Structures are given as C-alpha cells and as structure tokens.
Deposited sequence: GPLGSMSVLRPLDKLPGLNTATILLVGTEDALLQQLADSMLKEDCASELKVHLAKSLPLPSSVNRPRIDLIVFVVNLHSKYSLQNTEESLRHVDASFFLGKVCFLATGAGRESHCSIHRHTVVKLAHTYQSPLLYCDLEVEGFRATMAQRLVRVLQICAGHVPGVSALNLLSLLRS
C-alpha cells in the first residue's frame, strides 16, 4: 500500500486531484489524505509516503500557508518524499511574484517543482498518473528505484 499527503487550501482542487490519482488503479493500493495546512493537529496517524504541496499562484494565502507549513516538515521528507505542484502558473492572470517565490521555495528545500492546471481535467489526469508513479517510488514499490532519483528524474 502507498499513501500520499496532499497539502493545499483549496478543498475542491485537492479532491479532484485525489480522484484522478485513485482512478485507473495499479498494483499497489493507493491511499490519499488531504490537509489544509501543516502541522496536523496531532491526529497524525500513520502512515505517509509522500507529501505534495499544492500551491495556488492566484492566492497569496496559499503561498503563505505553504511557506509556513514547510517549517513543520522533518528534513528527512525533503529527500524525495516532498514534491511541489504549482497551479495557475500557465495563466497570464497569475502573479509573477508568487511564481518566483515558489521556484525559490522548491530550490531552498531542494524538492521537485511540478506545473499543472488542476481545473483542466486532461492536464490533471496526466499529472495524476505521474504522481502515482512518484508515489510508488516513494513507497519503495519500484525495485531498483528509490525516492532519491526524483530530483533528477523530475
């Protein structure tokens, strides 16, 4: 079994992403937990293989909430068990300042930075299929491949 944690302030986009990942099942049993922010309020029950921070580049709050949440993550997670997913960056309507903040944020924590417009299902479906594969690596379900090649692979 493999478990991914989606951290984002937009409940709708997370659930749509969670659905897309759960669609078209694979070998391992996939489990998805959602969180508005970090840390979790000490429910904190097992067991997480991967944390994906979904960042809305039209929301300054989403940016700040992501910034703050990262401070409560153990540094062991940033060795491939953490991935950044930015939404809205492909739109001209987005804030370039927020985009630059996210890029440096992914660099600071040395974690992959993915782009996808979650409102677009076709894009979200392909992104979800990739995230599933990333999760399987993080869960140690891909023989010969550890969640360490991820920074290079992504």
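>> Against the full deposited sequence, which stretches does the structure leave out?
In response: Those stretches are 1-19, 61, 175-176, listed in order.
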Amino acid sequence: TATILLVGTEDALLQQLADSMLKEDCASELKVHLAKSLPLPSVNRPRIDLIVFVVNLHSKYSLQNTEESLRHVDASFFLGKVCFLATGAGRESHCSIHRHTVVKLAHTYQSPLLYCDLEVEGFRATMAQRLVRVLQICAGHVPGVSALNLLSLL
From here on, numbers count along this sequence of modelled residues.
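>> Per the record, averaged over C-alpha atoms, which has the higher B-factor: 126-134 or 16-24?
In response: In the deposited entry, the stretch with the higher C-alpha B-factor mean is 16-24.
>> Going by the mean C-alpha B-factor recorded in the entry, which is higher: 32-40 or 116-124?
In response: Looking at the record's C-alpha B-factors, the answer is 32-40.
>> Highest Cα temperature factor in the entry, among the options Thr108, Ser59, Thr87, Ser93: which one is it?
In response: Out of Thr108, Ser59, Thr87, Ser93, the record gives the largest C-alpha B-factor to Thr108.
>> Quick check on the deposited entry: does the C-alpha B-factor of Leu148 sit in the lowest, middle or highest third of its chain?
In response: Answer is highest: the recorded C-alpha B-factor places it there.
> Going by the entry, which third of its chain does the Cα temperature factor of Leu154 land in?
Replying inline: Highest third - that is where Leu154 ends up once the chain's C-alpha B-factors are sorted.
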